[PDB]
């Protein structure tokens with residue numbers, strides 16, 4: 602399949618009905634409020650269609669036509685994807701109030717926060733496994749011709765089995804060409820993926836630490852690249868450097884990234900360095 606920008610539809614709502622399942626509100630049960638969203642609250646709950657745990661996003665009452673549209677676009681987009689490492693959309697509630705988007709529940713939440721709360725708690729093979737899952741989800745999106753544009757650990761969700769899934773459908800996470808000529812491509816997402824690799828091996832540390840955006844920009848311009856995180860295998864940091872190649876054409880593709888990570892998993896000694 603191929604990704605279809607919902608906003609190319611003469612009527613954006615059409616994309617919603619096509620790629621998103623309409624769920625009767627009587628099936629949704631909001632239990633608790635997790636966090637805050639751009640258009641409303643982010644909650645957890647159960648969905649009974654075997655009851656299952658689900659993440660639930662609500663649209664703040666008094667919403668404008670555009671706010672509703674932009675909110676639901678997340679579902680018109682997510683609904684076109686079907687991959688183990690891309691957040692699963694259960695459906696949406698639009699024929700009732702409040703409007704909602706229901707997605708699979710991820711117990712461990714956001715990857716950056718998860719890692720910070722579990723600093724140094726995982727084996728190298730487990731962390732590599734997380735990075736593998738993310739690259740796989742991204743390879744799939746890139747294959748669908750979907751450029752994420754905001755790939756970062758805060759935008760990756762983690763389940764109880766440590767499976768990592770791409771979500772969220797930033798300067799220090801963005802490629803130079805993307806910042807200068809606003810040229811966003813999968814190669815641009817690869818640079819971002821490299822930063823994610825750093826976040827993961829650094830257990831949620833902030834990229835470039837206290838550096839300002841301008842400093843980061845200048846640093847990169849001066850051919851500066853983030854050093855290897857503490858106890859981070861050399862092969863992994865090398866992969867990071869490959870993702871941060873000035874020339875976007877020189878950066879590896881997600882398919883090649885997954886292969887490199889898989890070879891490391893198959894040959895654990897390669898991570899000894």
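Residue numbers (PDB author numbering): 602 to 650, 654 to 773, 797 to 900. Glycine residues also receive a C-beta, built at the ideal position from the N, C-alpha and C atoms.
Limits of the unbroken beta strand (DSSP E) element including residue i
i           : result
residue 690 : Run containing residue 690: none; DSSP gives neither H nor E here.
residue 659 : 656-662
residue 769 : 768-770
residue 633 : 629-637
residue 762 : 760-762
Local Cβ density within 10 Å of residue i, reported as buried at 16 or more and exposed below that
i           : result
residue 857 : exposed
residue 798 : exposed
residue 860 : buried
residue 724 : exposed
residue 801 : buried
residue 775 : The residue list of the chain ends a segment at 773 and starts the next at 797, so residue 775 has no coordinates to report.
residue 691 : buried
residue 836 : exposed
residue 893 : exposed
residue 764 : exposed
Element boundaries [alpha helix (DSSP H), containing residue i]
i           : result
residue 864 : 861-870
residue 724 : Premise fails: residue 724 is in no alpha helix (DSSP H) and is neither H nor E.
residue 710 : Unbroken run through residue 710: none, as it is neither H nor E.
residue 677 : 669-682
Check whether residue i and residue j have beta carbons under 7 angstroms apart
i           : j           : result
residue 624 : residue 660 : no
residue 702 : residue 663 : yes
residue 869 : residue 879 : yes
residue 718 : residue 675 : no
residue 681 : residue 773 : yes
residue 737 : residue 697 : no
Through-space distance from residue j to residue i, alpha-carbon basis
i           : j           : result
residue 864 : residue 729 : 15 angstroms
residue 755 : residue 686 : 18 angstroms
residue 613 : residue 683 : 14 angstroms
residue 620 : residue 808 : 32 angstroms
residue 847 : residue 753 : 19 angstroms
residue 626 : residue 609 : 29 angstroms
residue 673 : residue 679 : 10 angstroms
residue 714 : residue 762 : 6 angstroms
residue 629 : residue 654 : 13 angstroms
residue 818 : residue 871 : 5 angstroms
residue 840 : residue 814 : 21 angstroms
Check: residue i C-beta below 6 angstroms from any heavy atom of the ligand FMN
i           : result
residue 870 : In the structure on display, the ligand FMN does not appear, and there are no ligands present to speak of.
Whole-number beta carbon distance between residue j and residue i, since they are thought to touch under 8 angstroms
i           : j           : result
residue 748 : residue 821 : That pair is no contact at about 21 angstroms.
residue 885 : residue 740 : 6 angstroms
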